[PDB]
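Notes follow once the structure below has been shown.
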Amino acid sequence: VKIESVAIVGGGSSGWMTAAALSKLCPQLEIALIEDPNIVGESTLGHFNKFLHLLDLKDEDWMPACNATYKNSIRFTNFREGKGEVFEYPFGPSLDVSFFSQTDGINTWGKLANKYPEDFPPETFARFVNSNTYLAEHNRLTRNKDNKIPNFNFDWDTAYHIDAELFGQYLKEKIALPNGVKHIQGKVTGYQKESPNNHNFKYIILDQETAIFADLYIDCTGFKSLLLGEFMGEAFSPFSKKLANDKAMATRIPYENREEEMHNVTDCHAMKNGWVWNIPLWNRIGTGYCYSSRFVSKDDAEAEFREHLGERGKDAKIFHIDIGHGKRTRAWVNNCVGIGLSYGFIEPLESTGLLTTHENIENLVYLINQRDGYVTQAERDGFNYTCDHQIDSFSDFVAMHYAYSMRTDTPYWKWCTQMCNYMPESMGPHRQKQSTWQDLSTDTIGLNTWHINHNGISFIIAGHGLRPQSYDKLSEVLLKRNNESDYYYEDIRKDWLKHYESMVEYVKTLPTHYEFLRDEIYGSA
Amino acid sequence: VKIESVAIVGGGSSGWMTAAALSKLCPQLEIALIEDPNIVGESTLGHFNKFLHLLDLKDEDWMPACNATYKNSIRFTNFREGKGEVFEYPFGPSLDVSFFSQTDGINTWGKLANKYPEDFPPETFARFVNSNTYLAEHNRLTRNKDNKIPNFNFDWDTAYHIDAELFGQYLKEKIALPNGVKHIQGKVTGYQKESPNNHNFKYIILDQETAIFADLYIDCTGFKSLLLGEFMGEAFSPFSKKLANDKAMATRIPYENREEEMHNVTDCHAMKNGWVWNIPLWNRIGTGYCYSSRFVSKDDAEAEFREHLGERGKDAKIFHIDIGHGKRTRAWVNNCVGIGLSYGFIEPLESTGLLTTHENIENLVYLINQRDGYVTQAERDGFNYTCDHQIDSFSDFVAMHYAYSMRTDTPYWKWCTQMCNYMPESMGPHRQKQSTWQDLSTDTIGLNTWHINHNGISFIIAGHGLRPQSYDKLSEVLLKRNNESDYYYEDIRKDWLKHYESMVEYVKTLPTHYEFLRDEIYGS
Amino acid sequence: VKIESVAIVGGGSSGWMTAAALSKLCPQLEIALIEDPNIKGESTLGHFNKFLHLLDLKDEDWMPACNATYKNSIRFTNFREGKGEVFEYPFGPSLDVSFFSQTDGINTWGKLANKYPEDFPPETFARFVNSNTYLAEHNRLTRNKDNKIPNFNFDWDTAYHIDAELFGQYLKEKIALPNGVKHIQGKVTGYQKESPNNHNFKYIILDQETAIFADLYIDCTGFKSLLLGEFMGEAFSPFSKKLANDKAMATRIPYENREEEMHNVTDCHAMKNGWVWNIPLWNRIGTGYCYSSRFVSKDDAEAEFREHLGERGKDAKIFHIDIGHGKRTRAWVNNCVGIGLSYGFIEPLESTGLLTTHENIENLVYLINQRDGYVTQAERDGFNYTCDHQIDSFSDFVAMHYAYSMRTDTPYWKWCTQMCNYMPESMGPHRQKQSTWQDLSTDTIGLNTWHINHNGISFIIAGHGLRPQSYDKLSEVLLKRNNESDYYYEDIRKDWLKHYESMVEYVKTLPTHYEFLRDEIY
């Protein structure tokens with residue numbers, strides 16, 4: 001019954017991330033990884049820091065081995081109104097409450113925005129609640145030893161841009177192979193079930209000859225989903241009802257001015273039929289268009305993409321990917337687990353690429369270390385529920401980036417903002433597992449308030465130009481009960497504007513992203 | 001593309017309340033109101049104070065222009081047992097915790113009721129948690145300068161009896177027209193959609209000739225629901241599964257003793273097949289029967305109503321109204337929004353008449369002021385959810401007034417209390433959006449407790465003669481674990497009974513409702 | 001119109017428990033109990049103490065009248081791994097927080113288990129959070145006058161093993177009959193509804209002759225469910241989707257060494273196709289096999305059971321019962337209420353036998369004392385909701401005892417642990433009324449935490465060898481955010497191990513269960 005041996009099929013980031021984690025955190029396991037000899041930049045979340053910490057990986061050691069750079073924020077260019085306007089979702093555990101009204105809490109920024117519009121445009125919300133914003137905005141970095149950047153923790157509030165394949169190659173050479181992971185070179189061609197009615201793999205077939213025996217098979221074969229989707233036949237739920245993007249093209253561009261260009265951030269540039277990601281690495285920029293075939297041809301999207309990239313557009317080698325934008329109905333089916341794109345994928349607008357991967361890895365390590373590799377159907381059902389809940393949460397969050405945009409300038413954006421219904425279940429009599437659309441609507445229109453329970457939504461709807469109270473006369477009328485006054489907002493305004501001007505001056509004395517990497521991590525170029 | 005111009009169809013309270021609010025709080029809007037030249041008293045909630053404050057309306061200015069009087073409570077005569085018994089739902093932000101046991105909180109009154117029944121009949125719950133109750137009970141009023149009436153704020157804890165048509169006429173002359181609302185006299189006869197697939201109104205037609213162009217059309221046509229219901233074809237969900245009342249008749253009665261009769265309160269008198277509202281105005285009493293055609297004829301209901309009104313019943317002119325007791329499945333459909341009875345209506349047992357109106361107005365003003373009139377489908381879906389949730393909440397609350405009655409003396413009351421199932425979805429496997437029936441049942445029978453989360457339910461089930469713990473031996477047994485004691489209830493009893501006797505004495509030194517109105521608002 | 005008179009059909013524990021409660025707490029009621037002359041041991045919860053306290057019943061008076069003994073814990077032998085391993089669910093109002101990390105709360109024991117495995121095996125969770133555990137473990141009892149056993153209250157944290165029939169006979173003679181409950185000897189043969197459309201009983205028929213008139217009819221007829229199930233036709237929802245056990249056999253075994261054997265606890269011994277209960281009474285041990293006919297024959301289950309009982313297995317008289325393992329879709333239908341097995345039943349793995357009974361009795365007493373016997377449809381619908389919610393909760397809790405076992409040694413245990421899907425609704429878009437499976441899965445795999453909201457689940461999954469954080473490196477990494485340290489766990493370990501060794505020494509000076517009963521009760 002017990003999982004004693006594991007066969008991982010696939011050797012990308014997902015394969016070696018799984019092999020490394022299992023080899024280090026589950027030493028009781030015998031592990032093999034099957035990789036086909038005969039066969040690109042990505043940004044991470046805060047979540048990634050937990051994975052790195054669990055594997056004892058120091059920035060100094062692994063970052064140079066995969067052209068990694070630092071990431072302090074996701075930047076949204078052209079998303080609100082399609083006129084080059086910018087807003088950040090900076091990394092942070094919690095909103096800095098330092099300049100908040102005692103009585104208005106999180107709603108303080110919105111009242112400032114109503115009273116003093118010229119001083120508090122949408123891009124000021126992030127600055128007003130998160131100082132990581134300043135590092136991102138002026139492309140600077142610091143370990144913040146003396147806490148001179150408020151409520152910023154370098155280790156945990158800074159994530160990474162990585163070459164995922166080289167990251168895998170690092171985990172392979174340094175963690176997996178040394179810990180006795182058996183590297184098997186071969187193509188998985190077929191499988192044998194245990195019996196007509198027992199749908200567990202008895203073994204999988206390598207090169208139409210060799211049978212690989214394992215207690216648990218892990219599918220790290222990406223969009224193919226060879227073991228979970230094909231062999232075990234698990235259905236695929238697409239996200240096409242709230243997310244229109246079903247295609248991606250990707251490319252590598254050389255740096256023109258490497259020091260200036262190697263940004264502290266993943267930029268997301270909204271286009272006519274989707275958005276383009278910008279991922280600075282040590283040696284190059286990784287960039288791609290996520291678009292909707294519903295609204296644009298492959299040829300038209302590529303002409304768009306090249307035009308958008310300028311001179312570096314013309315000779316850029318572009319690779320088209322068919323993206324499984326959705327999830328399998330289950331991650332763990334019989335004696336096979338989907339880890340990475342074999343299970344699920346959200347377009348990386350919230351740098352969610354590796355989420356499907358390290359979440360499932362940590363949840364697998366959790367169950368295997370529970371009772372020496374013994375697991376019940378109840379726990380596997382729990383694994384499926386936990387990781388299903390998560391990808392549904394994140395897919396709704398990503399959908400909100402489109403839903404609240406002001407853009408109606410193309411049929412794509414007219415669909416996203418004016419036609420698509422994001423709350424179809426909301427008029428029914430039953431409470432939804434995924435109810436953030438309903439709850440946000442209640443809090444904003446119903447109660448005229450934000451809440452720290454919006455962890456992330458607040459930065460997105462702020463950047464799209466929404467406020468908890470849309471007009472000041474509304475705020476005024478709520479003070480009238482207990483004969484209160486807003487005059488102290490004049491002091492919050494003056495004091496904060498002063499704090500901003502001096503915070504920018506201090507942040508300009510800090511090393512640039514490139515300088516920090518050169519001096520602290522690389523020691524070179 | 002953004003809402004720059006608005007066409008409101010319908011005058012009345014709803015039409016002019018919408019025109020005034022939009023004209024003042026959304027100055028960027030071009031506004032027109034279409035009213036058909038060829039064509040009553042009602043009570044408000046606390047909610048109404050927010051509306052008045054948003055429009056800067058001072059009591060001195062608007063009250064005399066629409067025969068308005070003050071309202072401190074909803075009074076329920078004849079609802080528990082059908083024997084003239086009375087209980088109040090007084091206005092208040094929160095339950096006054098002053099005489100509550102630290103350990104029993106809200107359940108203090110119930111334990112007093114069990115221990116000292118003669119001293120704590122059902123009508124004492126309201127007195128014990130809200131002092132506004134005393135103003136309502138002795139027909140007195142005060143601005144409470146020095147806070148000598150505990151936890152009462154005159155501005156916000158006092159609502160109003162108004163003539164709704166004259167209130168609209170005030171908003172028209174003083175706010176809407178001055179702020180450039182374009183008054184168009186005409187009958188809306190038809191409409192033209194934008195295209196085969198675009199179901200937005202391209203324009204609406206006036207007198208089968210003139211096309212009115214607007215970015216957004218607001219339906220204030222009342223029960224007709226001409227734009228939302230008829231033209232946009234939005235379905236109607238009736239409340240007939242929990243609320244039986246589908247008819248109203250209404251009348252105007254002259255005062256016999258105006259000073260004595262012009263009450264601080266909306267009285268709701270339960271009858272054989274529904275209930276009669278009493279709304280004191282400056283110059284008259286507004287009164288009507290809400291009834292169920294399922295259980296009584298129009299002529300039987302009218303004979304009932306006239307008998308109930310006494311001598312003034314005989315010559316009273318009575319106007320019969322067909323009430324759309326329910327909601328459209330959506331308020332905002334394409335480029336048309338329902339505001340008022342065009343969207344929804346709950347019989348005014350909880351003075352909820354204007355709720356469907358000022359809630360939707362405030363939620364519309366909120367979205368229009370967000371990004372200069374630009375709104376997403378997500379926000380309109382949010383608007384529909386918010387205002388649907390609210391009318392479902394309030395319709396359940398109103399249903400609870402019937403459900404928990406002791407009355408089984410007519411087939412109507414036998415249906416309300418013994419036959420109607422108010423919790424049909426509750427035995428299924430899924431959690432309901434509307435779960436107050438389920439939650440109250442769990443709190444009372446399951447956990448033997450009330451909660452401040454029952455904001456309002458507590459006054460109603462208290463008045464119907466329910467307690468969180470139905471018998472004292474139950475309370476006794478829960479203290480027995482850690483050898484704890486109730487002896488201090490003797491002191492809560494004596495101290496409170498003293499506080500009541502002296503509170504009535506103070507309240508009797510205050511001006512009467514009529515005196516207050518005469519001296520502070522009118523000057524007759 | 002209001003409940004003035006009540007007819008209880010059935011005279012077991014359920015019948016007389018109902019008659020006694022109503023007669024004492026609802027004096028306004030006229031009460032009759034109909035019992036069939038030709039119709040001829042169980043453990044309780046803490047909740048039973050509330051019932052006893054409501055009826056003013058002192059241990060000294062009622063315990064000897066029904067061969068009652070004391071019960072401080074449910075013990076689970078052979079349930080984790082099928083190798084004689086034991087863990088307790090001891091009685092307690094709350095988890096004792098005395099040795100908990102301020103920052104880790106309930107997760108403290110789990111971190112100790114990871115750091116110091118040899119010192120904190122699964123059986124130590126109960127010891128670490130509940131001292132009642134020590135009384136149960138060393139078969140001792142005390143009134144704890146000086147609170148020398150932390151967070152233990154003798155009156156409320158000690159329940160009972162009772163002969164349920166003799167308990168009913170006591171309530172009959174001492175409370176019900178003296179309070180004027182009218183005892184009617186007869187077989188209920190039929191009924192007449194009020195009209196085509198009014199489905200209320202107008203009366204029920206006794207011996208095909210006599211009509212019994214009552215405002216409210218209470219069905220205490222057990223699995224028969226004559227009034228609720230048969231006459232009112234209320235459907236039965238079985239629990240076979242989560243609980244495989246559909247059969248029970250039961251027996252009486254004499255004591256070999258009564259002093260040593262008369263345990264402080266209900267033992268639940270997991271077998272090949274179910275589990276055997278051990279209920280010590282004053283004069284005998286009551287014992288039975290709950291099993292699944294799906295996985296084992298009646299003859300095979302009985303051979304199993306006799307073998308398990310040893311020498312006194314061979315001559316033991318065994319009584320086979322067909323158990324209605326489920327609930328009626330409603331308890332209160334028209335003017336008839338199901339109380340006891342007529343409404344619902346969970347196999348007594350969580351000593352839940354009397355739950356279906358005293359909870360419905362207390363909920364009925366609650367509504368009747370509200371407005372002098374007047375009740376609305378809303379209140380009756382509320383009664384149905386409350387008592388439906390409860391039996392669904394408890395049936396899920398009982399299912400968790402199987403679901404999380406390590407046993408795969410028979411097809412029965414392979415089914416319970418590796419095949420049965422306990423969370424079928426969980427992948428849907430709607431939130432479930434019953435979502436403890438979903439919420440426990442989220443708390444453990446999702447958030448790597450336990451919660452006091454698991455009141456009881458924690459003892460079961462702890463005993464099955466599960467931890468909130470499964471490995472220590474995971475704990476380490478979560479401290480790293482807010483620069484926190486675990487150093488102080490060395491002191492929690494040493495301090496607690498000291499407290500345990502001295503707690504065992506003190507508990508050994510206390511009287512044994514038998515000594516306590518002999519000196520205090522008999």
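So you can find residues: chains in the structure tokens are A, B, ... in the order shown, residues in each start at 1, and ligands are numbered from 1 in order.
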
Where does chain B meet chain C within 8 Å, residue by residue, with the nearest atom pair and distance in Å to one decimal for each, counting only C-alpha atoms, listed by chain and rising number, as a Markdown table?
| residue | atom | partner | partner_atom | distance |
| --- | --- | --- | --- | --- |
| B:403 | CA | C:378 | CA | 6.2 |
| B:404 | CA | C:376 | CA | 6.2 |
| B:405 | CA | C:376 | CA | 7.7 |
| B:406 | CA | C:374 | CA | 7.1 |
| B:408 | CA | C:1 | CA | 6.9 |
| B:417 | CA | C:376 | CA | 5.2 |
| B:418 | CA | C:377 | CA | 4.8 |
| B:419 | CA | C:377 | CA | 6.3 |
| B:420 | CA | C:377 | CA | 7.0 |
| B:421 | CA | C:377 | CA | 6.5 |
| B:422 | CA | C:378 | CA | 6.4 |
| B:423 | CA | C:381 | CA | 6.9 |
| B:426 | CA | C:385 | CA | 6.9 |
| B:427 | CA | C:385 | CA | 6.4 |
| B:429 | CA | C:433 | CA | 5.6 |
| B:430 | CA | C:432 | CA | 4.3 |
| B:431 | CA | C:433 | CA | 5.2 |
| B:437 | CA | C:382 | CA | 7.8 |
| B:438 | CA | C:382 | CA | 6.9 |
| B:441 | CA | C:382 | CA | 4.7 |
| B:442 | CA | C:386 | CA | 5.8 |
| B:445 | CA | C:363 | CA | 5.9 |
| B:446 | CA | C:386 | CA | 6.0 |
| B:465 | CA | C:371 | CA | 6.8 |
| B:466 | CA | C:370 | CA | 6.0 |
| B:467 | CA | C:370 | CA | 7.0 |
| B:469 | CA | C:366 | CA | 7.6 |
| B:470 | CA | C:370 | CA | 4.8 |
| B:471 | CA | C:369 | CA | 6.4 |
| B:473 | CA | C:54 | CA | 7.0 |
| B:474 | CA | C:54 | CA | 7.2 |
| B:477 | CA | C:53 | CA | 6.4 |
| B:481 | CA | C:156 | CA | 6.6 |

**Prompt:** Could you pull out the helix (DSSP H, G or I) residues of stretch 71-254 of chain A from DSSP and send them as a ChimeraX atom specification?
**Reply:** /A:105-115,124-129,132-138,154-157,164-176,222-224,226-231

**Message:** Can you work out which residues from chain A touch chain C at a cut-off of 7 Å (counting only C-alpha atoms) and hand them back as a PyMOL selection string?
**Reply:** chain A and resi 50+53-54+156+363+366+369-371+376-378+381-383+385-386+430-433

Output file for the selection above: N, CA and C atoms, as an mmCIF file, in the first residue's frame:
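The resulting again18.cif:
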data_model
loop_
_atom_site.group_PDB
_atom_site.id
_atom_site.type_symbol
_atom_site.label_atom_id
_atom_site.label_comp_id
_atom_site.auth_asym_id
_atom_site.auth_seq_id
_atom_site.Cartn_x
_atom_site.Cartn_y
_atom_site.Cartn_z
ATOM 1 N N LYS A 50 9.404 30.035 0.197
ATOM 2 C CA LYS A 50 9.156 28.876 1.095
ATOM 3 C C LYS A 50 9.847 27.635 0.513
ATOM 4 N N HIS A 53 13.618 28.016 0.859
ATOM 5 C CA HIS A 53 13.965 27.899 2.302
ATOM 6 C C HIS A 53 13.913 26.420 2.718
ATOM 7 N N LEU A 54 12.914 25.673 2.236
ATOM 8 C CA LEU A 54 12.743 24.217 2.512
ATOM 9 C C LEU A 54 13.930 23.426 1.948
ATOM 10 N N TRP A 156 11.801 37.544 2.139
ATOM 11 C CA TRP A 156 10.423 37.019 1.919
ATOM 12 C C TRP A 156 9.575 37.943 1.031
ATOM 13 N N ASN A 363 2.461 19.944 -0.858
ATOM 14 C CA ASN A 363 1.279 19.143 -0.420
ATOM 15 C C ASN A 363 1.578 17.635 -0.501
ATOM 16 N N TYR A 366 4.102 16.862 2.282
ATOM 17 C CA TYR A 366 3.319 16.954 3.541
ATOM 18 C C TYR A 366 2.682 15.593 3.834
ATOM 19 N N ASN A 369 5.368 12.579 4.383
ATOM 20 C CA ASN A 369 6.088 12.688 5.684
ATOM 21 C C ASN A 369 5.129 12.502 6.861
ATOM 22 N N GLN A 370 3.842 12.314 6.590
ATOM 23 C CA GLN A 370 2.800 12.159 7.632
ATOM 24 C C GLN A 370 2.988 10.793 8.318
ATOM 25 N N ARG A 371 2.875 9.667 7.601
ATOM 26 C CA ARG A 371 3.028 8.303 8.195
ATOM 27 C C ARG A 371 3.891 7.417 7.293
ATOM 28 N N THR A 376 -4.173 7.846 2.863
ATOM 29 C CA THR A 376 -5.556 7.346 2.691
ATOM 30 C C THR A 376 -6.178 8.047 1.480
ATOM 31 N N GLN A 377 -7.254 7.472 0.940
ATOM 32 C CA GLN A 377 -8.067 8.100 -0.130
ATOM 33 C C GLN A 377 -8.578 9.453 0.384
ATOM 34 N N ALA A 378 -8.952 9.541 1.666
ATOM 35 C CA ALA A 378 -9.401 10.795 2.315
ATOM 36 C C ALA A 378 -8.340 11.893 2.125
ATOM 37 N N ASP A 381 -8.039 12.847 -1.658
ATOM 38 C CA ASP A 381 -9.251 13.675 -1.919
ATOM 39 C C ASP A 381 -9.012 15.082 -1.357
ATOM 40 N N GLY A 382 -8.417 15.181 -0.163
ATOM 41 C CA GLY A 382 -8.018 16.452 0.470
ATOM 42 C C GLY A 382 -7.009 17.212 -0.364
ATOM 43 N N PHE A 383 -6.010 16.513 -0.911
ATOM 44 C CA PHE A 383 -4.961 17.053 -1.830
ATOM 45 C C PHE A 383 -5.629 17.669 -3.066
ATOM 46 N N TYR A 385 -8.835 18.589 -3.386
ATOM 47 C CA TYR A 385 -9.656 19.744 -2.947
ATOM 48 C C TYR A 385 -8.755 20.958 -2.729
ATOM 49 N N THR A 386 -7.687 20.821 -1.952
ATOM 50 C CA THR A 386 -6.793 21.953 -1.612
ATOM 51 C C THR A 386 -6.280 22.605 -2.893
ATOM 52 N N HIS A 430 -27.799 29.242 -3.445
ATOM 53 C CA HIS A 430 -26.699 28.545 -2.710
ATOM 54 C C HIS A 430 -25.450 29.430 -2.589
ATOM 55 N N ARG A 431 -24.716 29.333 -1.483
ATOM 56 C CA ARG A 431 -23.424 30.036 -1.262
ATOM 57 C C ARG A 431 -22.311 29.316 -2.015
ATOM 58 N N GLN A 432 -21.456 30.063 -2.711
ATOM 59 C CA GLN A 432 -20.369 29.540 -3.583
ATOM 60 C C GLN A 432 -19.099 29.305 -2.759
ATOM 61 N N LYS A 433 -18.354 28.237 -3.069
ATOM 62 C CA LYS A 433 -16.981 28.010 -2.551
ATOM 63 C C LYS A 433 -16.120 29.219 -2.915
#

**Message:** Which residues are close to residue A:113, i.e. within 9 Å by only C-alpha atoms, leaving aside same-chain residues fewer than 4 positions away? Reply as a VMD selection string.
**Reply:** chain A and resid 108 to 109 117 to 122 124 to 125 467

Could you turn the residues from that selection into a file that holds N, CA, C and O atoms, as an mmCIF file, in the first residue's frame?
data_model
loop_
_atom_site.group_PDB
_atom_site.id
_atom_site.type_symbol
_atom_site.label_atom_id
_atom_site.label_comp_id
_atom_site.auth_asym_id
_atom_site.auth_seq_id
_atom_site.Cartn_x
_atom_site.Cartn_y
_atom_site.Cartn_z
ATOM 1 N N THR A 108 -8.603 55.020 4.090
ATOM 2 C CA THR A 108 -7.900 56.327 4.198
ATOM 3 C C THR A 108 -7.456 56.767 2.798
ATOM 4 O O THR A 108 -7.781 57.912 2.407
ATOM 5 N N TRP A 109 -6.758 55.908 2.054
ATOM 6 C CA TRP A 109 -6.208 56.307 0.729
ATOM 7 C C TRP A 109 -7.328 56.836 -0.177
ATOM 8 O O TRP A 109 -7.131 57.888 -0.814
ATOM 9 N N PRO A 117 -7.432 64.940 -5.514
ATOM 10 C CA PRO A 117 -7.249 64.093 -6.696
ATOM 11 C C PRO A 117 -5.886 64.280 -7.376
ATOM 12 O O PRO A 117 -5.286 63.289 -7.737
ATOM 13 N N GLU A 118 -5.439 65.530 -7.516
ATOM 14 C CA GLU A 118 -4.157 65.872 -8.190
ATOM 15 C C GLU A 118 -2.984 65.264 -7.417
ATOM 16 O O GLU A 118 -2.005 64.917 -8.072
ATOM 17 N N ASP A 119 -3.097 65.086 -6.101
ATOM 18 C CA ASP A 119 -1.998 64.563 -5.244
ATOM 19 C C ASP A 119 -2.060 63.039 -5.099
ATOM 20 O O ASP A 119 -1.037 62.455 -4.684
ATOM 21 N N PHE A 120 -3.199 62.411 -5.405
ATOM 22 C CA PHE A 120 -3.433 60.966 -5.121
ATOM 23 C C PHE A 120 -4.077 60.268 -6.319
ATOM 24 O O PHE A 120 -5.147 59.671 -6.204
ATOM 25 N N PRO A 121 -3.417 60.262 -7.493
ATOM 26 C CA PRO A 121 -3.867 59.430 -8.609
ATOM 27 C C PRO A 121 -3.769 57.953 -8.250
ATOM 28 O O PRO A 121 -3.110 57.599 -7.270
ATOM 29 N N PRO A 122 -4.416 57.054 -9.032
ATOM 30 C CA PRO A 122 -4.431 55.615 -8.724
ATOM 31 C C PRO A 122 -3.065 54.977 -8.383
ATOM 32 O O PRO A 122 -3.031 54.093 -7.534
ATOM 33 N N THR A 124 -0.814 55.997 -6.587
ATOM 34 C CA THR A 124 -0.370 56.414 -5.229
ATOM 35 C C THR A 124 -0.860 55.434 -4.156
ATOM 36 O O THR A 124 -0.264 55.475 -3.039
ATOM 37 N N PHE A 125 -1.877 54.604 -4.428
ATOM 38 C CA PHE A 125 -2.378 53.615 -3.436
ATOM 39 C C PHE A 125 -1.216 52.717 -2.999
ATOM 40 O O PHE A 125 -1.004 52.552 -1.761
ATOM 41 N N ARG A 467 -12.359 53.336 -5.851
ATOM 42 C CA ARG A 467 -12.219 53.804 -4.445
ATOM 43 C C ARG A 467 -13.325 53.198 -3.590
ATOM 44 O O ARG A 467 -14.424 52.978 -4.083
#

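Residue neighbourhood of residue C:194, excluding near-sequence residues (fewer than 6 positions): residues 200, 201, 202, 203, 204, 213, 215, 334 and 335 of chain C, at 12 Å, using only C-alpha atoms.
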
**Request:** Give me the residues within 6 Å of stretch 10-12 of chain C as a PyMOL selection string, counting only C-alpha atoms and dropping any in the same chain fewer than 6 places off.
**Result:** chain C and resi 34-35+165+220-221

Compile a residue-level contact table for chain A against chain B at a cut-off of 6 Å, reporting for every qualifying residue the shortest atom pair and its distance in Å to one decimal, with only C-alpha atoms counted, rows ordered by chain and ascending number, as a Markdown table.
| residue | atom | partner | partner_atom | distance |
| --- | --- | --- | --- | --- |
| A:417 | CA | B:376 | CA | 5.2 |
| A:418 | CA | B:377 | CA | 4.7 |
| A:429 | CA | B:432 | CA | 5.6 |
| A:430 | CA | B:432 | CA | 4.3 |
| A:431 | CA | B:433 | CA | 5.1 |
| A:441 | CA | B:382 | CA | 4.9 |
| A:442 | CA | B:386 | CA | 5.9 |
| A:445 | CA | B:363 | CA | 5.9 |
| A:446 | CA | B:386 | CA | 5.9 |
| A:466 | CA | B:370 | CA | 5.9 |
| A:470 | CA | B:370 | CA | 4.7 |

For N, CA and C atoms, I'd like the residues from the last selection saved as a PDB file, in the first residue's frame.
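Once written, selection.pdb looks like this:
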ATOM      1  N   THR A 417     -14.872  43.627 -20.388  1.00  0.00           N
ATOM      2  CA  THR A 417     -15.304  44.715 -19.469  1.00  0.00           C
ATOM      3  C   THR A 417     -16.807  44.960 -19.529  1.00  0.00           C
ATOM      4  N   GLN A 418     -17.490  44.549 -20.607  1.00  0.00           N
ATOM      5  CA  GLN A 418     -18.888  44.988 -20.869  1.00  0.00           C
ATOM      6  C   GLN A 418     -19.814  43.799 -21.149  1.00  0.00           C
ATOM      7  N   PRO A 429     -29.668  30.397  -5.232  1.00  0.00           N
ATOM      8  CA  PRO A 429     -29.967  30.380  -3.793  1.00  0.00           C
ATOM      9  C   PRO A 429     -28.834  29.880  -2.878  1.00  0.00           C
ATOM     10  N   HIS A 430     -27.799  29.242  -3.445  1.00  0.00           N
ATOM     11  CA  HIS A 430     -26.699  28.545  -2.710  1.00  0.00           C
ATOM     12  C   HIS A 430     -25.450  29.430  -2.589  1.00  0.00           C
ATOM     13  N   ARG A 431     -24.716  29.333  -1.483  1.00  0.00           N
ATOM     14  CA  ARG A 431     -23.424  30.036  -1.262  1.00  0.00           C
ATOM     15  C   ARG A 431     -22.311  29.316  -2.015  1.00  0.00           C
ATOM     16  N   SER A 441     -18.294  42.814  -4.183  1.00  0.00           N
ATOM     17  CA  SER A 441     -19.456  43.594  -4.670  1.00  0.00           C
ATOM     18  C   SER A 441     -20.225  44.105  -3.457  1.00  0.00           C
ATOM     19  N   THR A 442     -20.444  43.221  -2.476  1.00  0.00           N
ATOM     20  CA  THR A 442     -21.078  43.518  -1.164  1.00  0.00           C
ATOM     21  C   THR A 442     -20.284  44.592  -0.413  1.00  0.00           C
ATOM     22  N   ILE A 445     -20.075  48.230  -3.221  1.00  0.00           N
ATOM     23  CA  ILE A 445     -21.406  48.843  -3.526  1.00  0.00           C
ATOM     24  C   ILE A 445     -22.279  48.808  -2.259  1.00  0.00           C
ATOM     25  N   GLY A 446     -22.278  47.693  -1.519  1.00  0.00           N
ATOM     26  CA  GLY A 446     -23.161  47.478  -0.356  1.00  0.00           C
ATOM     27  C   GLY A 446     -22.763  48.322   0.847  1.00  0.00           C
ATOM     28  N   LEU A 466     -10.693  52.621  -9.007  1.00  0.00           N
ATOM     29  CA  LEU A 466     -11.837  52.473  -8.067  1.00  0.00           C
ATOM     30  C   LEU A 466     -11.403  52.869  -6.647  1.00  0.00           C
ATOM     31  N   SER A 470     -16.779  56.386  -3.508  1.00  0.00           N
ATOM     32  CA  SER A 470     -16.516  56.911  -4.874  1.00  0.00           C
ATOM     33  C   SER A 470     -16.564  58.443  -4.868  1.00  0.00           C
TER      34      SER A 470
END

**Request:** Can you pull out every residue within 9 Å of stretch 299-301 of chain B, counting only C-alpha atoms, but drop anything in the same chain fewer than 6 positions away, and send it as a ChimeraX atom specification?
**Result:** /B:249,272-273,289,291,293
